[PDB]
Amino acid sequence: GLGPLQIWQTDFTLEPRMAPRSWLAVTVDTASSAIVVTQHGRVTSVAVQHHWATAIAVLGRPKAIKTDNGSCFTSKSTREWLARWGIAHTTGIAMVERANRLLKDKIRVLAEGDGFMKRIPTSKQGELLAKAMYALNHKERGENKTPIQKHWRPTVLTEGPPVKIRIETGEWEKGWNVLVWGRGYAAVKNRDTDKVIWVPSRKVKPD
C-alpha cells in the first residue's frame, strides 16, 4: 500500500545461471519496490523461512506478504512461522514478476560483463548476486526514485529532535533542538536564531 513494510510479494523463480542453487527466492515491497533475493538448491519449506528472515533483516518486518498457493508457501511449518512473526498472509495465484524479469536481466548483464556466458562459477555467485542487489535497490530505475530512497527516505539531519527548555521564569520554551548531551547538559540550538547554549539536562524536555 502507500507505505514501506505494508505488503510484500514473494515468489520463487528459476535462474539456471546460478546453478546448482538455481532457485531464487524473490521478495519485493509493493510500496518501495526494494528487492531481496536469496538462492536455494530446491524449493523447500525451510528455504522460504530462510529467505523471509533475510529480507526482514534487510527491510524490517512487514504487515503482510502475498504469495501464490503452496506448496512450501502453505506448509504447516510456514504458516506456523508466519504466525510466530505476526505476519499476515495472503494467498492468490504482478509486481514480483516484473522483479523477476529485472533481476534475471541484471544477472545476465553482470555475468556476461565478467566473461561468463553460461553458468556462473559457484564461488563468484554470491558477490554477483550482491552486486545485482546493489544495482536494483541503490541505482535509479528511470527518470523517476531508487528503492533505497523510497524505503528509507534517506537524509542528513543537522540537529536532534525538538525540545523545550525552562528559562528564568519556570516556563518551558519551545523553539529549540538538541545537538549533544554531555555531563548532564544538553547543547541546544534555537531553530529561529541559530543560537546554541548549554542547558542543565533537568531543564530540557521533549516537545
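Residues carry their position along the shown sequence, with the first being 1.
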Deposited but uncoordinated residues in the residue 158/residue 159 interval: none
Unmodelled deposited residues between residue 93 and residue 94, binned: 4 to 9
Stretch with the greater mean C-alpha B-factor as recorded in the entry, comparing 75-83 against 120-128: 75-83
Comparing 51-59 with 164-172, the one whose average Cα B-factor in the PDB entry is higher: 164-172
Out of 38, 45, 32, 27, residue topping the C-alpha B-factor column of the entry: 45
Residue 150 by Cα B-factor - lowest, middle or highest third of the modelled chain: lowest
Where the record places residue 191 (Cα B-factor, split into thirds across the chain): middle
Entry-reported Cα temperature factor of residue 139, expressed as the chain third it lands in: middle
